[PDB]
Amino acid sequence: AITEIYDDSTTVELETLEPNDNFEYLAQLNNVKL
Amino acid sequence: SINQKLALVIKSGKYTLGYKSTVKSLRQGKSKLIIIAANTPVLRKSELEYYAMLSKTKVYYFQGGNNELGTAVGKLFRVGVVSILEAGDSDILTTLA
Amino acid sequence: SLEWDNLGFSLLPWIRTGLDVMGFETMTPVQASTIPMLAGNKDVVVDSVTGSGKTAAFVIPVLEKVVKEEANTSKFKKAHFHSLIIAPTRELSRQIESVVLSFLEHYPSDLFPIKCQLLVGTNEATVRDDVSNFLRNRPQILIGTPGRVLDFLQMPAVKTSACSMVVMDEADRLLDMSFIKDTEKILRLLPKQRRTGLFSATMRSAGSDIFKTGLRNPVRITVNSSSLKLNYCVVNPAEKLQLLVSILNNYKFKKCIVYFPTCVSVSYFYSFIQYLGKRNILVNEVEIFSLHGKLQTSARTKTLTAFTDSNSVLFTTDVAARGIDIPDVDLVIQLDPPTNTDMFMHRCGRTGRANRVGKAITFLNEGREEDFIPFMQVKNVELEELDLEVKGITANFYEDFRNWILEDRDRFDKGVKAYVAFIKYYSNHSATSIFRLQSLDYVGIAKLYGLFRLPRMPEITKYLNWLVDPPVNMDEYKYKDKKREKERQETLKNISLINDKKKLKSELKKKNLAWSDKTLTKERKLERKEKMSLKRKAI
Amino acid sequence: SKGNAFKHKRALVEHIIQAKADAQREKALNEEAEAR
Amino acid sequence: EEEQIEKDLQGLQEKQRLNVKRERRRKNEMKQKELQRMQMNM
Amino acid sequence: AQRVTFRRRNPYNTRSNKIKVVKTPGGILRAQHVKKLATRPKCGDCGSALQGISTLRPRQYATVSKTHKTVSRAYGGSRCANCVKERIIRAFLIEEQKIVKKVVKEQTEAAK
């Protein structure tokens, strides 16, 4: 979540999204194995 | 790492997973790099090696089996060979990997 | 900075020239935060207020990607396209196409041209004409509604393999439960490795359904800023139309958009209000139009372009609610609250551009009106109550409606059909607690439509006949149309035959029900025992 | 249905239609409860 | 009259909560099952 | 309801003699000995049934034409298609590797 402010006092919020949840699941499995 | 670059290519670039798609892209000359797992059969691996030699396409030997390569791609099914048509937002081609 | 010159990727000279000729004097925050990323290997999910440069925000990256991927060259193949754009309504897609054409006006010559094609359901062009001129003209941009673009892509003459850019405008509406069936197929046909741009003013509502589109590398974007007034009136339903009249001939406006629930209601009330204006019930320089989505496409386009072009009132369904922008619209009336509340903000959102003085009004049924206002309040919408006197209803309004219905049986049929359609529309209502079928004023609504008999419905029988105390027989009711008058008289002369056909159908349905022989046996036993007790108790 | 959830065709049809209604309604359920 | 609204609101909220818990459990189970199937053929 | 038995010398329930019951034009139920069914020819590399080749007894092949027991491709009637394709690819790749090894050897003793 990154907020950017312009000259009109209007802010834009930009957040990256993760469509493939498998990356997190494999990462958590590897972390618990570690 | 090397898996991060592959994941970046999957998310942003252009790619083909599987032997048939990789061979088709090599025939069309649309491939920039081919990643080959260590689990691939010797005949198909040798045919891919000969095809890459014919088409002058870079070859990288993945350090793992087909399911490790699939997980690196982010898929829950085994993939034996991957072809990178366009790196996109990643830098796998620049780093010679 | 909001300056075109200091953007990341140095927009093409002809796109810059088109922007300068069109103007905008700068780039909006939406166009500042979306164009750099939608052309930079990132999918885009954009939520922004109406009329904030969103259309150009997804049109400029489309042209940039088309030029970048060498789509405008002789190397590009035939029967292939590059970019697709989808919108839920035909007018919105045509407006997007007009914007793209305006941008391509300044496209330089001496190079392979870039063209667009609009694929909407029309009665002036079959899908095969679309395929023919797609093959002949070879465009790289397709813009259209889900149905006709699905039909177009399903034709074997069109190849989708070279597509690399999909844009969905009003993406919350296209991922709705109704549209998801078509959009799933449309995205199924197209290649998965692509760049997707979803743009909608209520993109947050389609929460987890955005991943159904197939986003790869997405970045959600939220843009936020009394422009307009939001009022409501709580009145008896039978007076509602009269109140509408009392607004049309008294309030000050240049354009008033009046929303109706159904299309048949639009036509029926348009005809009745025209009849009232014939008798000079309302005296003003008002021109009244009707525009619902079941018309032929050419008629819809002609009506919309006549209304857009002096004080005008529009009777429209939810087709015009979302997306399209008619300038100089002052008043918006929602004769009923919408079936879904998410569209409410769109229906009253046609006004307030650049903080213009515009008013929105809504009508309530007096029964469960205590639940709609807090429901909007929880959703951060404040509705200030407005008190409007019901002028001119001293006598004969429902009587006038009734005696106008008695002139032509077609008017009776249209009225009853509209009432039944509204009842079905109310049946499919979200927020069930707020809008209850039991608490619905069936008699009030029937009085609103000028009917004199409640149609046979399960709702009428259960939750609740002749509104006019001296009943009128249908036998002496004349259809007033010569071709159908003889058909009605023939059917009347065949009353017993059709009745017996239905009787035989009913008996055959009885014999085909679950274990019908056993049911007849049980009825025999019950009838024997009951008819025995009916005399044994008395004796 | 492989797990003995439905005992006959009527149960399957009723489950289908009830699932359709509940899918129609959950989206407004939250604000519907918050308002009260 | 209002008892029906309260009753079906509470019932369907309870149904949604149970559905959320059940869907989380089912997703975890199916994910583990397909991972085990992938790693089982060797 | 009429009972039938073997029509030959063997009285035992052996795989050699098996009985079916048929109604003759005389209106009676009678036994009939059934021969052993034929077996589909199998590929000599993978053991799968060969496609396009008739299934007959060993001695019934001598009385049919060659097109009923062969396939027009090389090794047709002996090996299936995928095995032949694998043989071709493997032979070509082996020859190419032999060429490469010979070139490398010619280079490596070219030093002295």
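Think of it as A, B, C, D, E and F in the order they're written, each chain with its own count starting at 1.
The working rule: a contact is a pair of C-beta atoms (placed from the backbone, for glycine too) under 8 Å apart; a residue touches a chain by one contact, two chains touch by 3 or more.
Labels paired with UniProt names: B = Large ribosomal subunit protein eL30; F = Large ribosomal subunit protein eL34A.
In this assembly, the chain whose C-alpha centre lies farthest from chain E is F. Averaging Cα coordinates per chain and for the whole protein, the chain whose average falls nearest the overall one is C.
Averaged Cα coordinates give chain A a centre that lies 27 Å from the centre of chain B.
Chain B and chain E, compared by their mean Cα positions, are separated by 38 Å. Centre-to-centre separation between chain E and chain F, using Cα means, comes to 54 Å. Centre-to-centre, using mean CA coordinates, chain B is 48 Å away from chain C. The residues of chain B that reach two or more other chains are 76, listed in rising order.
The residues of chain C that reach two or more other chains are 216, 432-433, listed in rising order. Shared contact sites, meaning residues of chain E that touch two or more other chains, fall at 9, 31, 35.
Listed in rising order, the residues of chain B touching chain C in the complex are 11-15, 88-89. By the touch criterion given at the top, residues 40-42, 193, 216-217 of chain C touch chain B in their complex.
If you check the complex, the residues on chain D that touch chain C are 23-25, 27-28, 31-32, 34-36. Taken in their complex, chain B has these residues touching chain E: 65, 67, 70, 76-78. Partner chain F is touched in their complex by these residues of chain B: 43, 46-47, 50.
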